[PDB]
Structure formats: structure tokens, C-alpha cells
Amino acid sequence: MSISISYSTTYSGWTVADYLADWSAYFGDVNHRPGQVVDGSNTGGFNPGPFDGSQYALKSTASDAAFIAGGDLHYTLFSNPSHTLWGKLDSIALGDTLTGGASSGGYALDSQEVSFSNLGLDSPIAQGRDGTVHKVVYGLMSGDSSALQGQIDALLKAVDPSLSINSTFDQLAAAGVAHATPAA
């Protein structure tokens, strides 16, 4: 299945690039870096976990913003290549107010704004932090969605050259790629 995008009608006239740029500024930088990682503050979590899961999810420390990365994800922690998130990234869901976790049978967003699915991204452990999956997710954690933007852009252009991250969600819905959900 090719890339599918779900969006609240609230963002119908926003370009994907503007939405993501503004969302990352709103989520901010959790400062997930050497000497600055604090359990339960800026780590996020895996479902099932502890270091691998079908979901990785993280709440903003600056706001109610949160994201859920979906697929088949793995984190190396201290083992070479250290601090690498790798595996399959199938989806990114962006919104407010993270709920759930491993014990609930999954993370969710109370106010999901936008989701990108069927991303088809797959990065091997041996690529380390140069892997696309790593860069996309760490980008989000650190207030820079450029890697995510770049991957969405490539996927959209591969569906049709008239589609890009500078398309509005409505324009992408006109092409059958994006699908509106009610404004909550």
C-alpha cells in the first residue's frame, strides 16, 4: 500500500511542510542528549518495550504535544552502534495528549491531528545513526522535522510528481492520498 495521510479538517488548507514545521516548534526539543536523559521526563517509551516495539511514543516537555512512531522498532542504547533507533517505520501520528502504553495494549493520542501511514521505511542496525528511521524519529524528538519532511516529500513525489510536502492536505486528498477526519 502506498503512503496514506489522515488529517483533521482543521489543517485542510495547511501545507504539509508548514504543519510539520509548526508542529515541531510546538513540540520543541526534549533535550534527549548525553548527560541530559532523565527517566520518565524525556525518554518516551516502547510498546511492548523495554527497547523494542511496534510503537515508540514521546510526550513534549514544553507542551501537550506528542508523537507515536509505529512499525517494528529497536533501540541499541550502549551497544555499538550506540544510541541507534532502527527497524521498520510504518507510521507517524502527531497530536496532543498521549495515553496508554504497553499494559493498555497500545499508545494513543486523545487529540490526533495528523498521521502518515504506509511509509515503508526500513533501516538496518549496521547503518547506525545514519539510518533514515533514526534521523526521522530523533528529528522529531529534538524539534527538527526536516528528516520527516524529506521522507514524506520523496514518498509523495513517487506517487505523483505533482504531490509534495508543499501541497496542502486538501490538495493531497484531491489526489486520493490524504483523507480528512472531523475537527475535534
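Between two forms, the rigid core is the largest collection of C-alphas that superpose within 1.5 Å. One-based numbering along the sequence shown.
Outlying stretch relative to shown form, 132-140 versus 43-51 in 6 other deposited structures of this protein, C-alpha RMS (core): Higher average C-alpha offset in 6 other deposited structures of this protein goes to 43-51.
Farther-lying stretch by C-alpha RMS in 6 other deposited structures of this protein (rigid core fit) among 84-92, 100-108: This comes out as 100-108, the stretch further from the shown form in 6 other deposited structures of this protein.
Stretch with the greater mean C-alpha B-factor as recorded in the entry, comparing 158-166 against 7-15: According to the PDB entry, the answer is 7-15.
Between the two ranges 66-74 and 33-41, the one averaging a larger CA B factor in the entry: On average, C-alpha B-factors are higher across 33-41.
Position of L98 among the chain's modelled residues by C-alpha B-factor, lowest, middle or highest third: Highest third.
Cα B factor band for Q55 (lowest, middle or highest third within the chain): Bottom third by C-alpha B-factor.
Position of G131 among the chain's modelled residues by C-alpha B-factor, lowest, middle or highest third: CA B-factor rank for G131: lowest third.
Among modelled residues of the same chain, the CA temperature factor third for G28: Its C-alpha B-factor belongs to the highest third of this chain's values.
Cα B factor band for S123 (lowest, middle or highest third within the chain): Lowest third of the chain for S123's C-alpha B-factor.
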